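A quick write-up on the structure given underneath.
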Amino acid sequence: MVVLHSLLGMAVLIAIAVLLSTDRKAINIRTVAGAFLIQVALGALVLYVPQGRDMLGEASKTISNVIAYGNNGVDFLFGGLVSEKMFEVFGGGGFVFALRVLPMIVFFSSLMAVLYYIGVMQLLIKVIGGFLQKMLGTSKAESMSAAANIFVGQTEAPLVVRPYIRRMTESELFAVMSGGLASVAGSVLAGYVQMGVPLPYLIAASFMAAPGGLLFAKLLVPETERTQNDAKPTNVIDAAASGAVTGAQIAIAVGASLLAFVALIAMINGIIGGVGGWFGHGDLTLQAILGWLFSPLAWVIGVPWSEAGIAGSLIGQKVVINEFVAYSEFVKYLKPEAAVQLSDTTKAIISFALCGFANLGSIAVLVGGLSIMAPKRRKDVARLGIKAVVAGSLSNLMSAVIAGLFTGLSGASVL
Amino acid sequence: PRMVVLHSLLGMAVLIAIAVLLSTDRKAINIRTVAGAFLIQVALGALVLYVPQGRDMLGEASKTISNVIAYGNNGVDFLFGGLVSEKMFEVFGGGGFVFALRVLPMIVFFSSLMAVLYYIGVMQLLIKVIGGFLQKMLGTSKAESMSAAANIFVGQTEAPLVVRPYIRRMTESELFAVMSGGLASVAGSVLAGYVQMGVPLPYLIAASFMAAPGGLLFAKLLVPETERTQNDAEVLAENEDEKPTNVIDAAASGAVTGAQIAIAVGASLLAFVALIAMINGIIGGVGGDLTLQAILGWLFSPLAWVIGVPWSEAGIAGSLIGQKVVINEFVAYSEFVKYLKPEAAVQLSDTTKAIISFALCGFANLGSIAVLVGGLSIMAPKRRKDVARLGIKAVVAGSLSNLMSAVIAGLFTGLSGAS
Amino acid sequence: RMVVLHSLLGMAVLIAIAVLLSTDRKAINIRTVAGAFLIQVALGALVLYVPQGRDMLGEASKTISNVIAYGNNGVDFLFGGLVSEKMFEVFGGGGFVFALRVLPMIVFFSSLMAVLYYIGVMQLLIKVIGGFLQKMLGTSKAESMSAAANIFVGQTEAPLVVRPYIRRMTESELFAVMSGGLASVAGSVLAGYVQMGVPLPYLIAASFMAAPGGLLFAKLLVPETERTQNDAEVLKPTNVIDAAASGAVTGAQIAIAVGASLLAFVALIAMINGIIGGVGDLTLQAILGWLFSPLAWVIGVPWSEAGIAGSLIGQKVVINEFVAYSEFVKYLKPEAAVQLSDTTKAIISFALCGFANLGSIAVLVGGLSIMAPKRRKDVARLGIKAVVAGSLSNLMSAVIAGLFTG
Ligand SMILES: O=c1ccn([C@@H]2O[C@H](CO)[C@@H](O)[C@H]2O)c(=O)[nH]1
Ligand SMILES: O=c1ccn([C@@H]2O[C@H](CO)[C@@H](O)[C@H]2O)c(=O)[nH]1
Ligand SMILES: O=c1ccn([C@@H]2O[C@H](CO)[C@@H](O)[C@H]2O)c(=O)[nH]1
Ligand code: NA
Ligand code: NA
Ligand code: NA
């Protein structure tokens, strides 16, 4: 039974979290059982029942329209280098990453800046964040962080509650970090889409990341102390421009990091290839090692053993490098001309498991940005780095288990 | 048939009227200043378009800068290789023109070029000459004269740098004159950008020079000088800061600055064009063929007709002028150059194309307010609240200035020039 | 066929020029300068003459060439098919897009060196080579570490290892740091020259000879007249991924600044050539070639090719090495009209391998001041003299090259 394989996976994830908990006898049951109940509720809502799949389908239509609007600005700026004739000439190379993926960071950063300026995002965060604190009993600040994290990046997310950060507790801070590592940004989300990644999965994952982030944040470090209970751009054109420039230099940083990471990985594979020549192989790669290593974890979360090696590589690459490298090697399996055709339930698991910033490199990003908001807490942030990555990774896997289960029930994923 | 003078003088009268009606103190208006500015602007406008000797000078200047832009393209050809080559059109067609590779690098080169010209001492002299001419004829203060004269060549934030010890304690009318002169003007860097997009270069040069008196015109009309202009002896100019080591440093530094500027503009344009199409999606979804371009056009259609555009082509000019004010000139020009193509479905009259060219030539938009507020505060932090207050008024001042030159354009492009 | 006299002639002239421009010729440490000259010509004879050394140099060339290939994988990922071979089937000569072929190498090698700094490899290489230079030349530990570091990294990143010692270091030590930076390259832009076409083994050798050559003319122009510090230490990113990412971002904005500088410089040069060609075929290239022709002849270039080498070296000093190399690789094509000898191609490749130009003065002033702001006045004052020192160093390695080729 699929439900047995999924419930087992959920059991493993929750068990590992408790074993890594700082105070196991201090764990708030109402919070974590409520959080787990919400994440699986949203899971059943968007992936199982027809009404929710239609609502999710309408959302995909809307945001894709927005992405298309962004591409109008991309077509204007980069002319025919993003035209259709690129494939007619360069074939697969017709898809230029730096011109089709990175500019979406620029557009959405400006769009989010406009939405913040109008007052739309404050409303959405206040509503969703309010629902969380009312159900889970978490504080207001860490709750608002999760809602922001659904839409914006891990660094931009706590900005809405940034004066509360310098005084907030150990658990509240970790919850902000975990909620940050569990969720992507809307900017890079459209980036994944332009690479070929299924949009509806990314939407659902972004919403599930908020309670899932809180789930493993209250499991690893439950609230042991007292909380703190309480309660600019010139014009709209300035906000749009300010967001564009911000998203521009972010995109340059992202594009430069990927160019370096990919090249370094190939360099490592060259080293492992030579040294591994005496090990009886020589054709060994880092991808295979990660896949062979993370193979058990892939099988636990619902992936068949035949594809557990593949899923292991993608999950492995995600944590040690980033999600972009993972998704870049993942879309290669989504091609209809692929030698190895993945199952539908597998693709859903991976799509949810990979949707997160939880990696070794995001730690320094957290440290830098979260310190600018709270400099005296900088030592605390860097200390909770690894544990937060774990919390974020477990949140992604929880969403993956839930996803693979509901696709095993009534399946759906267009090629 | 020579009724154009009536239609033009009407437009001139309307533009000056709107200014006077929006003035802070109508009885404080210095007639010798505003009549001088209007007379100078129409004199320059006539001279370069009308008389043969003036057309030759504008043509000589055009050929000079055209060669400069060509020199810049050598660097572009070097850096981006064949992505800016001729066979880009043989392959991609119209899409062979890559805006990021054809336009933005010109911002880099000219920013480095102007850095060299400021280093040799050339630009300080030109500003000192033209600025001195404006304080003699218009009676405006020394500071606002240098700023207005500077704005002809450089940007709105870079221009007041030559008078930055004056900015701290200058009056509102002077402060408003600096802001207006910056909004009614362009930058030589982005000017070369418009040229590559297809915009007529001679019109740009003419509009750039008319920006200074036209700026001071509506600056002294909206906010006249009711206080004392500072004298040199009373001002102590706080020291120094960086001066570039040598000419190679100056060129390299200016290039890097122009590079990050080109990045900021490029990203802003990607966002703006996208957000515009997103608004068209919202409107088109709520309303069907209704777009923001059409609304802005239908809205500014009368104002387009006032300045001398035929009603058949008034809707188009309305969209372009509209898009300029609410977004920027790059978006306006990008839509304008499509009407300049020989195989274009919609064909405009020669006089209309000129009117639009001059009307669009200016930084007068809602975004430039925040640009001024930022850069002008770095020079004088105590005046930041005052700058932000006069933001909208100054944009209007810049708009009226650009429109005034456009009226003059249509009037003297009302014959056989066609430069 | 004994150009050994012509080479020794070149060495003599260069050293003589250095001595004449010195502050205190009576304070020159002979053991230091003769040692530095001895080491530089020893390295030359090792990697360019004797078989066992050419092999090691060839192996290092092969290794780094593989590293470069690994970097291109990341480049192929980012910029897709605009770096494919189809570009040549379409655009031909223009298929080679500089901004896409060369600049991203700076990003990759700035991240890689950041990793090597993180692992602890570079700290070891600096400590070993630096200790070798303080023992043989008698130079202070700090200025030896900086010179050794300048082999791998840039002029502003090299003194970062001896950063706390810069505030209290002497006039001669400071100049030696500046000279070491101007006489040397970075591994980032080194891979950039390789992608243009410039022979990798020459770039390898030149980068290693840069350190003792820099120390040579630094202790010649301003010898140590004060008391120094004896012992010195080499001496943060959260993890290796942070270091690799940070190095990439730094290299990115660096690549932006470099590319923009080239676009301007190239365009400004074409503008000057347009001014000169006015009525009221002479170019800035030819003029600089006409001026630096004698100095090109002294270092061992045949007079028939002295005009060409003069332009290239001339452009290097007044503009930069990228502009110089970009017009030098045109002579390395088999389809070129003017062919050059193998010895000349080696001479120019070594002479142009350095940041020593008029524009690098401001770069030194900027970065070296961030490390020691009270010494900013001293750095700017010694700017031109340091450019001379770096230039003479590159010329020395060029003489050594032309000598040991054959
Ligand atoms: O808005 C963003 C986008 C990216 N990143 C960082 O960049 C990596 C690649 O997108 C992510 O994993 C994350 O560490 C952020 O912190 N915020
Ligand atoms: O040198 C420049 C170029 C552009 N801009 C700003 O960027 C907008 C688009 O060019 C202009 O309207 C102006 O606000 C400047 O301020 N200075
Ligand atoms: O790592 C580097 C690379 C370049 N440059 C500066 O940039 C110029 C062009 O590469 C060089 O001459 C030098 O002045 C540095 O300072 N450090
Ligand atoms: Na997020
Ligand atoms: Na201006
Ligand atoms: Na160096």
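The way I read the labels, and the way they are meant: chains A, B, ... in the order of the structure tokens, residue 1 as the first residue of every chain, and ligand 1 as the first ligand shown, with later ones counted on from there.
Near chain A, the residues of chain B that fall inside 6 Å (using only C-alpha atoms) are residues 92, 95, 96, 98, 99, 100, 264, 267, 268, 270, 271, 273, 274, 277, 278, 367 and 370 of chain B.
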Just want the residues within 7 Å of ligand 2, written as a PDB file with N, CA and C atoms, in the first residue's frame, counting only C-alpha atoms and all ligand atoms.
```pdb
ATOM      1  N   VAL B 154      25.521  66.529 -19.607  1.00  0.00           N
ATOM      2  CA  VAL B 154      25.517  65.469 -18.599  1.00  0.00           C
ATOM      3  C   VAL B 154      24.144  65.224 -17.984  1.00  0.00           C
ATOM      4  N   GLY B 155      24.079  64.267 -17.063  1.00  0.00           N
ATOM      5  CA  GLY B 155      22.824  63.887 -16.440  1.00  0.00           C
ATOM      6  C   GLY B 155      22.319  64.879 -15.413  1.00  0.00           C
ATOM      7  N   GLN B 156      21.115  64.629 -14.910  1.00  0.00           N
ATOM      8  CA  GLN B 156      20.458  65.534 -13.974  1.00  0.00           C
ATOM      9  C   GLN B 156      21.086  65.503 -12.583  1.00  0.00           C
ATOM     10  N   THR B 157      21.793  64.422 -12.274  1.00  0.00           N
ATOM     11  CA  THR B 157      22.441  64.283 -10.976  1.00  0.00           C
ATOM     12  C   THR B 157      23.912  64.679 -11.062  1.00  0.00           C
ATOM     13  N   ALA B 187      21.049  63.242 -21.118  1.00  0.00           N
ATOM     14  CA  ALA B 187      22.456  62.995 -20.833  1.00  0.00           C
ATOM     15  C   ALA B 187      23.033  62.581 -22.179  1.00  0.00           C
ATOM     16  N   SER B 189      25.127  60.428 -22.779  1.00  0.00           N
ATOM     17  CA  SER B 189      25.249  58.977 -22.807  1.00  0.00           C
ATOM     18  C   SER B 189      23.995  58.313 -23.367  1.00  0.00           C
ATOM     19  N   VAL B 190      22.846  58.629 -22.781  1.00  0.00           N
ATOM     20  CA  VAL B 190      21.585  58.045 -23.220  1.00  0.00           C
ATOM     21  C   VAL B 190      21.118  58.652 -24.541  1.00  0.00           C
ATOM     22  N   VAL B 265      19.753  50.926 -15.695  1.00  0.00           N
ATOM     23  CA  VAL B 265      18.785  51.328 -16.709  1.00  0.00           C
ATOM     24  C   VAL B 265      18.216  50.107 -17.424  1.00  0.00           C
ATOM     25  N   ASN B 328       9.133  56.555 -18.687  1.00  0.00           N
ATOM     26  CA  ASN B 328      10.358  57.257 -19.057  1.00  0.00           C
ATOM     27  C   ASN B 328      10.442  57.424 -20.571  1.00  0.00           C
ATOM     28  N   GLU B 329      11.490  58.095 -21.034  1.00  0.00           N
ATOM     29  CA  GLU B 329      11.635  58.400 -22.453  1.00  0.00           C
ATOM     30  C   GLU B 329      12.068  57.182 -23.267  1.00  0.00           C
ATOM     31  N   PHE B 330      12.779  56.256 -22.629  1.00  0.00           N
ATOM     32  CA  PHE B 330      13.241  55.047 -23.305  1.00  0.00           C
ATOM     33  C   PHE B 330      12.067  54.201 -23.789  1.00  0.00           C
ATOM     34  N   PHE B 363      14.143  63.970 -19.381  1.00  0.00           N
ATOM     35  CA  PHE B 363      14.022  63.004 -18.291  1.00  0.00           C
ATOM     36  C   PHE B 363      12.771  63.232 -17.449  1.00  0.00           C
ATOM     37  N   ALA B 364      11.900  64.125 -17.907  1.00  0.00           N
ATOM     38  CA  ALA B 364      10.717  64.501 -17.140  1.00  0.00           C
ATOM     39  C   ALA B 364       9.739  63.340 -16.975  1.00  0.00           C
ATOM     40  N   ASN B 365       9.923  62.568 -15.909  1.00  0.00           N
ATOM     41  CA  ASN B 365       9.005  61.485 -15.571  1.00  0.00           C
ATOM     42  C   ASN B 365       8.827  61.353 -14.062  1.00  0.00           C
ATOM     43  N   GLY B 367       9.626  58.810 -12.255  1.00  0.00           N
ATOM     44  CA  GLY B 367      10.748  58.095 -11.677  1.00  0.00           C
ATOM     45  C   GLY B 367      11.929  59.002 -11.391  1.00  0.00           C
ATOM     46  N   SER B 368      12.099  60.018 -12.229  1.00  0.00           N
ATOM     47  CA  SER B 368      13.225  60.938 -12.111  1.00  0.00           C
ATOM     48  C   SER B 368      13.150  61.783 -10.844  1.00  0.00           C
ATOM     49  N   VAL B 371      15.077  59.994  -8.384  1.00  0.00           N
ATOM     50  CA  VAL B 371      16.473  60.106  -8.783  1.00  0.00           C
ATOM     51  C   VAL B 371      17.059  61.422  -8.287  1.00  0.00           C
TER      52      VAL B 371
END
```
Please write out the residues within 10 Å of ligand 1 as a PyMOL selection string, counting only C-alpha atoms and all ligand atoms. (chain A and resi 105+109+149+151-157+180-189+191-192+247+250-251+253-255+257-258+318-319+321-325+355-366+368-369) or (chain C and resi 242+245)
Please write the residues from the selection above to a file, keeping N, CA and C atoms, as a short mmCIF file (atom, residue, chain, number, x, y, z; two decimals), in the first residue's frame.
```cif
data_model
loop_
_atom_site.label_atom_id
_atom_site.label_comp_id
_atom_site.auth_asym_id
_atom_site.auth_seq_id
_atom_site.Cartn_x
_atom_site.Cartn_y
_atom_site.Cartn_z
N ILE A 105 14.38 37.06 -12.20
CA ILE A 105 14.69 37.55 -10.86
C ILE A 105 14.51 39.06 -10.82
N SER A 109 11.42 40.82 -8.66
CA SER A 109 11.92 41.66 -7.57
C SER A 109 11.29 43.04 -7.64
N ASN A 149 8.10 34.23 3.37
CA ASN A 149 8.99 33.23 2.78
C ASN A 149 8.34 32.46 1.65
N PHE A 151 6.40 33.88 -0.55
CA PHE A 151 6.51 34.76 -1.72
C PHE A 151 7.95 35.21 -1.98
N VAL A 152 8.63 35.71 -0.96
CA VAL A 152 9.95 36.30 -1.18
C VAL A 152 11.08 35.46 -0.60
N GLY A 153 12.30 35.92 -0.84
CA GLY A 153 13.49 35.20 -0.43
C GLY A 153 13.70 35.17 1.07
N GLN A 154 14.61 34.30 1.50
CA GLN A 154 14.93 34.11 2.91
C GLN A 154 15.53 35.37 3.55
N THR A 155 16.15 36.21 2.74
CA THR A 155 16.76 37.44 3.25
C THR A 155 15.75 38.58 3.30
N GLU A 156 14.83 38.59 2.35
CA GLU A 156 13.83 39.65 2.27
C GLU A 156 12.64 39.37 3.18
N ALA A 157 12.50 38.11 3.57
CA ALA A 157 11.34 37.66 4.35
C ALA A 157 11.24 38.28 5.75
N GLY A 180 13.01 30.02 6.25
CA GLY A 180 13.74 30.61 5.15
C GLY A 180 14.39 29.58 4.26
N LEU A 181 14.91 28.52 4.87
CA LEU A 181 15.61 27.47 4.14
C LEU A 181 14.66 26.45 3.52
N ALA A 182 13.42 26.45 3.98
CA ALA A 182 12.43 25.49 3.50
C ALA A 182 11.78 25.97 2.21
N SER A 183 11.68 27.28 2.07
CA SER A 183 10.99 27.90 0.94
C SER A 183 11.95 28.58 -0.03
N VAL A 184 11.57 28.58 -1.30
CA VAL A 184 12.25 29.34 -2.34
C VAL A 184 11.88 30.82 -2.28
N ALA A 185 12.20 31.55 -3.34
CA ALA A 185 11.64 32.85 -3.65
C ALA A 185 10.78 32.78 -4.91
N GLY A 186 9.84 33.71 -5.04
CA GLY A 186 8.98 33.76 -6.20
C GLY A 186 9.78 34.03 -7.46
N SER A 187 10.88 34.76 -7.30
CA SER A 187 11.75 35.11 -8.42
C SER A 187 12.41 33.88 -9.03
N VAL A 188 13.08 33.09 -8.19
CA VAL A 188 13.74 31.88 -8.66
C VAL A 188 12.73 30.79 -8.99
N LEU A 189 11.52 30.91 -8.47
CA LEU A 189 10.46 29.95 -8.79
C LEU A 189 10.13 30.02 -10.28
N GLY A 191 12.13 31.11 -12.33
CA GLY A 191 13.37 30.65 -12.92
C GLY A 191 13.35 29.15 -13.17
N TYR A 192 12.86 28.40 -12.19
CA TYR A 192 12.75 26.95 -12.32
C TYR A 192 11.78 26.60 -13.45
N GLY A 247 17.12 43.25 -7.88
CA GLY A 247 17.03 41.95 -8.51
C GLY A 247 18.09 41.73 -9.57
N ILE A 250 21.37 40.83 -7.74
CA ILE A 250 21.13 39.50 -7.18
C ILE A 250 21.30 38.45 -8.28
N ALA A 251 20.71 38.72 -9.44
CA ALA A 251 20.79 37.82 -10.58
C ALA A 251 22.23 37.63 -11.05
N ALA A 253 24.84 37.92 -9.15
CA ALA A 253 25.47 37.12 -8.11
C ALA A 253 25.10 35.64 -8.25
N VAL A 254 23.83 35.38 -8.56
CA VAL A 254 23.36 34.01 -8.75
C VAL A 254 24.00 33.37 -9.97
N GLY A 255 23.99 34.09 -11.09
CA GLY A 255 24.57 33.60 -12.33
C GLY A 255 26.05 33.32 -12.22
N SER A 257 27.61 32.59 -9.36
CA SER A 257 27.76 31.47 -8.43
C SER A 257 27.55 30.14 -9.13
N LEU A 258 26.55 30.09 -10.01
CA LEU A 258 26.25 28.88 -10.75
C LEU A 258 27.37 28.52 -11.73
N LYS A 318 21.39 19.16 -4.31
CA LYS A 318 20.62 20.26 -3.75
C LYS A 318 21.19 20.76 -2.43
N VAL A 319 21.56 19.82 -1.57
CA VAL A 319 22.02 20.16 -0.22
C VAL A 319 23.47 20.65 -0.20
N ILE A 321 25.29 21.76 -2.90
CA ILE A 321 25.46 22.92 -3.77
C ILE A 321 24.30 23.90 -3.69
N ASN A 322 23.29 23.68 -4.53
CA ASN A 322 22.05 24.45 -4.46
C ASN A 322 20.96 23.77 -5.29
N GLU A 323 19.77 24.35 -5.29
CA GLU A 323 18.62 23.74 -5.97
C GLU A 323 18.68 23.94 -7.48
N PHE A 324 19.37 24.98 -7.93
CA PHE A 324 19.47 25.27 -9.35
C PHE A 324 20.25 24.18 -10.08
N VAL A 325 21.36 23.74 -9.48
CA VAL A 325 22.15 22.65 -10.03
C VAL A 325 21.31 21.37 -10.05
N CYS A 355 12.38 21.78 -4.02
CA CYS A 355 11.91 23.16 -3.89
C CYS A 355 12.25 23.73 -2.52
N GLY A 356 13.48 24.20 -2.37
CA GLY A 356 13.92 24.78 -1.12
C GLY A 356 15.33 25.33 -1.20
N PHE A 357 15.62 26.34 -0.39
CA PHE A 357 16.95 26.95 -0.36
C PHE A 357 17.88 26.23 0.61
N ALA A 358 17.38 25.16 1.22
CA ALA A 358 18.14 24.43 2.22
C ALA A 358 19.40 23.80 1.65
N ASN A 359 20.51 24.53 1.72
CA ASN A 359 21.80 24.01 1.32
C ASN A 359 22.93 24.57 2.18
N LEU A 360 24.12 23.99 2.04
CA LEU A 360 25.27 24.40 2.84
C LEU A 360 25.69 25.83 2.53
N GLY A 361 25.36 26.30 1.33
CA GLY A 361 25.74 27.63 0.90
C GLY A 361 24.79 28.72 1.36
N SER A 362 23.57 28.34 1.73
CA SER A 362 22.57 29.30 2.16
C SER A 362 22.82 29.77 3.59
N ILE A 363 23.66 29.04 4.31
CA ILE A 363 24.00 29.38 5.69
C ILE A 363 24.67 30.74 5.77
N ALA A 364 25.69 30.94 4.95
CA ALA A 364 26.42 32.20 4.92
C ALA A 364 25.53 33.35 4.46
N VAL A 365 24.56 33.03 3.61
CA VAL A 365 23.60 34.02 3.13
C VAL A 365 22.71 34.47 4.28
N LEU A 366 22.25 33.51 5.07
CA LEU A 366 21.48 33.80 6.27
C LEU A 366 22.28 34.66 7.24
N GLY A 368 24.89 36.65 6.80
CA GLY A 368 25.10 38.00 6.31
C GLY A 368 23.88 38.89 6.42
N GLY A 369 22.77 38.46 5.83
CA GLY A 369 21.56 39.25 5.79
C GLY A 369 20.87 39.42 7.13
N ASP C 242 30.50 28.82 0.56
CA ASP C 242 30.46 30.26 0.77
C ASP C 242 31.66 30.94 0.13
N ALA C 245 31.30 30.79 -3.71
CA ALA C 245 30.27 31.73 -4.15
C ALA C 245 30.77 33.17 -4.04
#
```
Could you check how far atom 5 (N, counted along the ligand's line) of ligand 3 sits from atom CA of residue 364 of chain C, in Å to one decimal?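 Computing it gives 9.1 Å between the two atoms.
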Write as an MDAnalysis selection string the residues around ligand 6, taking 9 Å as the cut-off and counting only C-alpha atoms and all ligand atoms. chainID C and resid 146:158 180:187 207 210:211 354:355
Could you save those same residues with C-alpha atoms as a compact mmCIF listing (two decimals), in the first residue's frame?
```txt
# COMPACT_ATOMS: atom_id res chain seq x y z
CA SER C 146 53.34 39.49 -1.01
CA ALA C 147 55.67 38.92 -3.96
CA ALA C 148 55.10 35.17 -3.73
CA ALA C 149 51.34 35.70 -3.50
CA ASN C 150 51.34 38.01 -6.52
CA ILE C 151 52.16 35.00 -8.69
CA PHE C 152 48.68 33.56 -8.17
CA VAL C 153 46.48 36.57 -7.40
CA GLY C 154 46.09 40.23 -8.33
CA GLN C 155 47.94 43.32 -7.11
CA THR C 156 45.22 44.26 -4.62
CA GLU C 157 44.52 40.78 -3.26
CA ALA C 158 48.15 39.73 -2.83
CA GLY C 180 55.44 43.02 -7.03
CA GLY C 181 51.82 43.75 -7.89
CA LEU C 182 52.56 45.78 -11.01
CA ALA C 183 55.17 43.32 -12.28
CA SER C 184 52.77 40.41 -11.86
CA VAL C 185 49.38 39.20 -13.06
CA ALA C 186 46.47 37.26 -11.55
CA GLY C 187 45.57 33.66 -12.38
CA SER C 207 54.06 34.93 -13.52
CA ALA C 210 57.50 38.31 -11.74
CA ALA C 211 58.18 37.93 -8.01
CA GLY C 354 52.09 42.34 -16.10
CA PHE C 355 49.68 44.92 -14.67
```
Within 8 Å of segment 285-299 of chain B, counting only C-alpha atoms, which residues show up once you throw out same-chain ones fewer than 4 positions away? Write them as a ChimeraX atom specification, please. /B:276,279-281,314-320,322-323
Leaving out residue 412 of chain A and any residue of its chain fewer than 3 positions from it, which residues lie within 9 Å of it when counting only C-alpha atoms, given as a PyMOL selection string? chain A and resi 47+344-345+348+407
Residue subset to file, keeping N, CA and C atoms, as a PDB file, in the first residue's frame:
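Generated file (selection-v8.pdb):
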```pdb
ATOM      1  N   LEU A  47      -3.598  18.523  -4.265  1.00  0.00           N
ATOM      2  CA  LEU A  47      -3.141  17.380  -5.051  1.00  0.00           C
ATOM      3  C   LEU A  47      -4.163  16.251  -5.169  1.00  0.00           C
ATOM      4  N   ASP A 344       5.575   8.899 -12.828  1.00  0.00           N
ATOM      5  CA  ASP A 344       4.872  10.137 -12.511  1.00  0.00           C
ATOM      6  C   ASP A 344       4.988  10.493 -11.033  1.00  0.00           C
ATOM      7  N   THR A 345       4.832   9.495 -10.170  1.00  0.00           N
ATOM      8  CA  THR A 345       4.889   9.717  -8.731  1.00  0.00           C
ATOM      9  C   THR A 345       6.295  10.104  -8.278  1.00  0.00           C
ATOM     10  N   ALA A 348       7.002  13.884  -9.067  1.00  0.00           N
ATOM     11  CA  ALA A 348       6.296  14.737  -8.120  1.00  0.00           C
ATOM     12  C   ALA A 348       7.057  14.834  -6.803  1.00  0.00           C
ATOM     13  N   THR A 407      -0.159  11.669  -5.341  1.00  0.00           N
ATOM     14  CA  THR A 407      -0.029  11.383  -6.765  1.00  0.00           C
ATOM     15  C   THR A 407      -0.184   9.885  -6.996  1.00  0.00           C
TER      16      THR A 407
END
```
Closest of C:24, C:321, C:85, C:171 to chain A - atom-to-atom distances counting only C-alpha atoms: C:85
